[PDB]
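If you want the building blocks of each chain, they are given just below.
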Amino acid sequence: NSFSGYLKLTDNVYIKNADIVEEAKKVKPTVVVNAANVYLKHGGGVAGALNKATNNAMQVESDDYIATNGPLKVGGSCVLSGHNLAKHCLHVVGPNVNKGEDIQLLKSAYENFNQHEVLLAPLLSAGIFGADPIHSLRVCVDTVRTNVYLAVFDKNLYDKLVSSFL
Ligand SMILES: CC(C)[C@@H](Nc1ncnc2[nH]ccc12)C(F)F
């Protein structure tokens, strides 16, 4: 958990302009959060990048989890191995608002972070899931009560988030 170069936005939310994969390799946190889908198929966005950095070990493990437990619910999560990136990976499913899933479930998705004291995480539902990234940061700030270090890999978006937050 040796986080460097973060900006503190609130008592418990920190933000950095970095690829979450590079942060995980440098820090080796206790928990890295994945922005997953209900079948844990890590095909693109943050999920594809984290799985690629484990050389598909995350996908093989996720397929075994689904074989034994079935899919997650939207707003739900599971804890799996973090492989070479972290001790654990918290896979969290935010709503895919572009497919009519209710944005109210973004609060349920961020509530899963509260089971862990410290996490390295991305913005949920802000990739191909279509939610406004500044709205996603507002829900994170209003819902997460443990210590969360957010990595955002787009400088243009990082600057808009810091300006809107202060
Ligand atoms: C979730 C998105 C709003 C965000 N993407 C990411 N944020 C942090 N590390 C990442 N690695 C690969 C993708 C990626 C933005 F930068 F595009």
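Up top is the structure.
Conventions adopted
Residues numbered from 1 in each chain as written, not as in the entry; some residues may be left out. Heavy atoms only, no water. Core = buried A, V, L, I, M, F, W, Y, C linked by side-chain atoms within 4.5 Å. Buried < 20%, exposed > 50% of the residue type's maximum accessible area, 1.4 Å probe, protein only. Helix = DSSP H or I, 4+ residues; strand = E, 2+ residues; numbered from the N terminus. Contact = heavy atoms within 4.5 Å. 1 Å grid on protein atoms, 1.4 Å probe; cavity = no way out; pocket = protein on both sides within 12 Å on 5 of 7 lines; lining within 4 Å. Points joined across faces, edges and corners; volume = space filled by probe spheres on them. Nonpolar A, V, L, I, M, F, W, Y, C, P; charged D, E, K, R; others polar. Near = heavy atom within 4 Å. Polar contact = N/O pair within 3.5 Å; in protein donor to acceptor, adjacent residues only side chain to side chain. Sits in = over half its atoms within 2 Å of the grid points. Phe/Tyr/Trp six-rings, centres within 6.5 Å; stacked < 30°, edge-to-face > 60°. Arc of directions from axis to C-beta.

Q: So, the nonpolar core: which residues are in play, and what are the values?
A: Counting residues in hydrophobic clusters, the biggest one holds 27 residues, and the most contacted among them are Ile15, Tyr110, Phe113, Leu137, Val148 and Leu150. Every element with two or more residues in this core is listed here: β2 (13–16), β3 (31–35), β5 (88–92), α4 (105–111), β6 (118–121), α5 (133–143), β7 (147–151) and α6 (155–165). If sequence neighbours within four positions are ignored, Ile15 has contacts with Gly5, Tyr6, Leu7, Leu9, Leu137, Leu150, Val152, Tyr158, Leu161 and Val162. By size, the runner-up hydrophobic cluster in this structure holds 16 residues, among which are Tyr6, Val21, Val32 and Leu120.

Q: Which residues make up the layout of surface pockets, and what values do they have?
A: In this structure, the largest pocket spans a volume of roughly 640 Å³. Taken together, 26 residues form the lining of the largest pocket, with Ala35, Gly45, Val46, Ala47 and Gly127 sitting closest to its centre. With four residues, helix α2 (residues 45–53) is the single largest residue contributor to the lining of the largest pocket. Considered class by class, the residues forming the lining of the largest pocket number 17 nonpolar, six polar and three charged.

Q: Which residues make up the site of the ligand, and what values go with them?
A: Taken together, the neighbourhood of the ligand is formed by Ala18, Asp19, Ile20, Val46, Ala49, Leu123, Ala126, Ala151, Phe153, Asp154 and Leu157. Here a nitrogen atom of the ligand and a backbone polar atom of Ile20 are 3.0 Å apart. Measuring from a nitrogen atom of the ligand, one finds a backbone N or O atom of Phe153 at 3.4 Å. Spatially, the ligand is embedded in the largest pocket. Residues belonging to the shell around the ligand are distributed by class as follows: nine nonpolar, no polar and two charged.

Q: Can you break down the packing of aromatic side chains residue by residue, with the values?
A: All chains considered together, the criterion is met by five aromatic pairs. Ring geometry for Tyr6 and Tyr149: centres 5.2 Å apart, planes at 90 degrees, overall edge-to-face. Taken together, the residues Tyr6 in the segment before β1 (7–8) and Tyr149 in strand β7 connect sequence positions 143 residues apart. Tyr149 carries the same exposure label as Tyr6, and that label is buried. Ring geometry for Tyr110 versus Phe113: centroids 5.2 Å apart, planes at 70 degrees, classification edge-to-face. On the accessibility criterion, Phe113 (0% relative accessible area) is buried. Among the aromatic residues, those joined into a cluster by ring pairs are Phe3, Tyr6, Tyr14 and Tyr149.

Q: Please set out α2 residue by residue, giving values where relevant.
A: Residues that lie three or four places apart on an α-helix share one face, since the helix turns once every 3.6 residues. Those residues of α2 lying buried are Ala47, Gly48, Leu50 and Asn51. On an axial view of α2, the arc spanned by its buried residues comes to 165 degrees, and they lie on one face. Among the exposed residues of α2, those oriented more than 90 degrees off its buried face are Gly45 and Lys52. On its buried face, α2 is in contact with α1 (20–27), β3 and α3 (57–69). Phi for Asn55, located one or two positions after α2, is positive at around 55 degrees.

The quantities given are spatial measurements derived from coordinates; they are silent on function.
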